[PDB]
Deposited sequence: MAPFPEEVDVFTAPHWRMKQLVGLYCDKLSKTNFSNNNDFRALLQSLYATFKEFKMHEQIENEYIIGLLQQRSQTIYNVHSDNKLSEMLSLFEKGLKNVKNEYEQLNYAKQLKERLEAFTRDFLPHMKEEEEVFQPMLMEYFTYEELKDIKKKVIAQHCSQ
């Protein structure tokens, strides 16, 4: 039921963001300083919204589900490292040799990030959403989703 689903719309926005940076990345001219900085500026804004996303889940969803089921063990950092990588590109890359070296690193890290992020969202939808249905009443889930949408939008 739509009104108790706490993941689908947030994740629709996160995957739209993934699609946009994958697009930007494949089209960026890493030899061009303006293109390079513009890309890193997008990614920084984007990964900041990813971080707001995980924090919202921690604060409004997971920390509650954890309290009631107590089947929590995997904590729900990578995002701060990605953001730190972007800051570096923005503050410490000063010519074309450094841009192109950095570019190879960025691409590898973004690829690895992207391959983990998508499954991580799938798992919340497939695992946590069902648990939420058992540990909370229907109106309780409706209330949680009201709060999660307010924080994301």
Map the modelled residues onto the deposited sequence and report the uncovered stretches in sequence order. 1 to 4, 81 to 82, 160 to 161
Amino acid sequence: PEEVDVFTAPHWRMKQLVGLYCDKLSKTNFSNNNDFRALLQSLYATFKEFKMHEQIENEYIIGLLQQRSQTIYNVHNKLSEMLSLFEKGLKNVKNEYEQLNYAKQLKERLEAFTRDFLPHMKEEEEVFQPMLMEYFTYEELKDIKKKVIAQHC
From here on, numbers count along this sequence of modelled residues.
Quick check on the record: does 38 to 46 or 90 to 98 carry the larger mean Cα temperature factor? 90 to 98
Out of 5 to 13 and 134 to 142, which stretch has the higher average CA B-factor listed in the record? 134 to 142
When the modelled residues of the chain are sorted by Cα temperature factor, does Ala112 land in the lowest, middle or highest third? highest
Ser26: which third of its chain by C-alpha temperature factor? middle
How does the C-alpha B factor of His120 compare with the rest of the chain: lowest, middle or highest third? middle
Chain-relative C-alpha B factor for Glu59 (record values, thirds): the middle
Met82: C-alpha B-factor third of its chain, per the entry, is the lowest
